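Worksheet: one structure, shown below.
Each chain carries a letter (A, B, C, D, E and F) given by its place in the written order, and its residues are counted from 1.
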Amino acid sequence: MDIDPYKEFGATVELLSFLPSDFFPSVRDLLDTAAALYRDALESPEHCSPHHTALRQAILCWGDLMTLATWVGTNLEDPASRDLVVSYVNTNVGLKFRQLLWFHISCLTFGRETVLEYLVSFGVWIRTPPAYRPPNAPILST
Amino acid sequence: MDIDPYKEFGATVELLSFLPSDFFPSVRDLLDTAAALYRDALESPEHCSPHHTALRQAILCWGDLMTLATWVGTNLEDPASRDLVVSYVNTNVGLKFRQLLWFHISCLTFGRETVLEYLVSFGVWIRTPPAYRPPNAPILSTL
Amino acid sequence: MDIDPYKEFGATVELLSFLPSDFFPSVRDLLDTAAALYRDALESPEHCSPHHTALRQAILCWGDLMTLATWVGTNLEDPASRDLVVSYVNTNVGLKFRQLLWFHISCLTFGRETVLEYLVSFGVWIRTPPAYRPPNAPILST
Amino acid sequence: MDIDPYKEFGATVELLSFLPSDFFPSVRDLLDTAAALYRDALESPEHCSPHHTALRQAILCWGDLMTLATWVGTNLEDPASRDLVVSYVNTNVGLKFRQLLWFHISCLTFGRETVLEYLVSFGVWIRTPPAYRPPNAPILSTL
Amino acid sequence: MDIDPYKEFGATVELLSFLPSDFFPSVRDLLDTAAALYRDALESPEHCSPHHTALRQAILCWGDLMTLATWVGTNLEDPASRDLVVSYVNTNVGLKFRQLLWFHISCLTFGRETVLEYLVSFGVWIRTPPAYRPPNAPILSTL
Amino acid sequence: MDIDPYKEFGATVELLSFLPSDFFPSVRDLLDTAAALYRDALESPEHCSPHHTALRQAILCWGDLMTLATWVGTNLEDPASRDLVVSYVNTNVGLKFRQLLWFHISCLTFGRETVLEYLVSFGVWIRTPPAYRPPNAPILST
């Protein structure tokens, strides 16, 4: 089955590709905001919304990858192999999880229809020649 | 966050910890089963249910771990480290995903209440020592 | 053009591949079953059902492929090229026609909704570890 | 089992034999015509009509035979058998599919009764010796 | 995008592919006809119909290709390359625009349903080989 | 017949000339946004609006010019003639198509009356002496 991570939330992988890969906050920043604003709802034994379910799964899977990396720091004796693996898990794998955490956290904070409109607006801004592009990028707020 | 993957679905990691490692099908068998019975709901633009929501994220995140095992196979030169990292993904993380996939697929197939009464009853059977335990384990079914 | 032969009948090529390849009986057993149970309906001037229309076409298409294999058998002098072609018809078209004949013969015998439920049940049963499934395999019955 | 494919549609192989071998268009023209007029219905989840069901199986059986010819064109180890087997598919089985595709595409386009009266009408025309045969052969059309 | 220029107007590129290259008037004849019969609708601030909308874009975009052939004539020094590029625009792209202009002009002139029934009936005539085909092609008219 | 490409959409060639020729995004940028946001409506066998029809025609004509350029890359042996022709098709022809794609995409995204008001507002801004001109050019958003 070819499943898109955003289709049920009214988006698509190609739509979230309007954002550059350097736009997203680091994984530590997103997890600190998720614990500071939604820990009460995220530990809940109920479904608050589909976005909470998705975020719970994503956080547990990031924990899995982090455990892999820590276990490779403890179980791989060849330092070159070790370094390569950790770099991959935190850089190549980290970029996908960053994007996903961003999306789900931003839909809990600002609402889903607001974040989809923001992706179109930021696309129009980055598609503009920097000369004709505002010196302030679109940002999310209320 | 001390998040429990089963706590929003009426279960706990302790309730599922009673199932032995030989109880679950392989990842390939579970993924083939999710394809054969729920591809029209899984690839849908509609959530379907929180079980479908949770099953999409679980199918997608295994794919990356398969991509990590593929990348390790193709990019780590040293045979000992290549084999050791590929084995860790295949057995240790594979067991946690086998349990997670099995649970969601079974709640879609039999209903959540039936899987929860089954997990309780299987718990009583597996905690009983072999000298007093009935020879055949409980079977999960539509009742 | 992307027609699926089973799509019209509530199945797919993937849903018939959920059963192991060695499950399906031989083309001879299936053709003998059709010639025993449904000869009158198959040789009728009536559309008896879309399962009858589909099975009529499938018997004729296998008949041609057999004409091709027999004609190859009589008309090629080199036994190695002759064996390669007659083998490839007997094996590779063989599985596709064994699942197609089995599906339409079973739906005439047991009903479509029964055969669709059976595909799911047997495919789940064969994948369950043997200590935790009913001791005997599922079978088709009225 | 002597099944005649035309019998459930009110014809026979004998009634279609009124048309000469050189009458029927090429397979590519017939498949183009099916893709032009009835792709939506052919791709459909529905039993649109018995003519759709028959035309689906014919398109698939021709695709198989072209996969046979393509597999032969790749895998063989002798030119003489390769051309002989490929030419047999293109001509001998070709003439049978050129009449089955023509019959179902015509019945979908003009109605089955129009095509049955057309076969009888063209029979009278082609049976007439060319000294007394009128210059306008019968045709299927809207006018 | 796999956009079909005729798919929003009830047709396909396959349905129009049956017309032979000698069937269409020249670009100059088609452009003269669009001028002589629909200049008050074409130069209007109102859409008129999606056929008028599509016919304006088709008239304008040929003008640029005429401007490319004019610019090539005046700016490419080498005779072989000047002639070869001018010929490619005159014959090959000209044939696709002749068909596109002819279709829009005919749907304005006769109605879309009449052009679609005509394209079907002309298809039957041109697919019939010359030995059995009536001597005169079907004629497009107001019926 | 002298036809203006914008009259039926309530604009004019002279009104779109308020924008500089360096304001418009590249052809690749506009076609990526048209495929990301409207491919579903653009492949539709119906008229969604006149703007969709116009955009369909424009995209097919750009494909035509691109085919001309690729065929000149394959069929013209004199490299100087070849280079000249390709430069013209992508630079001189590309600027008109850029303008048109921009207009039609922007009217699907923001509405037609909003894009006409934007042309007047950007004209007032570029007509201002840079000293009295805001350091942020007008931009299109909701």
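In the analysis below, a contact is a pair of C-beta atoms (placed from the backbone, for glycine too) under 8 Å apart; a residue touches a chain by one contact, two chains touch by 3 or more.
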Can you tell me which chain lies farthest from chain F, using the average of the Cα atoms as each chain's centre?
C
Whole-Å distance, C-alpha centre of chain A to that of chain F, is 34
Inter-chain centre distance, chain C versus chain F - centres from mean C-alpha coordinates, in Å:
56
Counting in whole Å, what is the centre-to-centre distance of chain C and chain D, each centre being its mean C-alpha position?
25
Rounded to the nearest Å, the gap separating the Cα centres of chain B and chain E is 60
Determine the shape of the graph in which chains are vertices and touching pairs are edges (line, ring, star, complete, other).
ring
Start at chain C, step over to chain D, and keep going round the ring; give me the chains in the order you meet them.
C, D, E, F, A, B
Residues on chain A engaged by chain F in the complex (per definition of touch)
14-15, 18, 117, 120-121, 123-125, 127-129, 131-132, 134-136, 138
Hey, which residues of chain B end up touching chain C in the complex?
22-25, 29, 32-33, 35-37, 39, 109, 137, 139-140
In the complex formed with chain F, which residues of chain E make contact?
1-5, 7-8, 10, 34-35, 39, 42-47, 50, 53-54, 56-61, 64-65, 68, 71-72, 75-78, 80-82, 84-85, 88-89, 93, 96
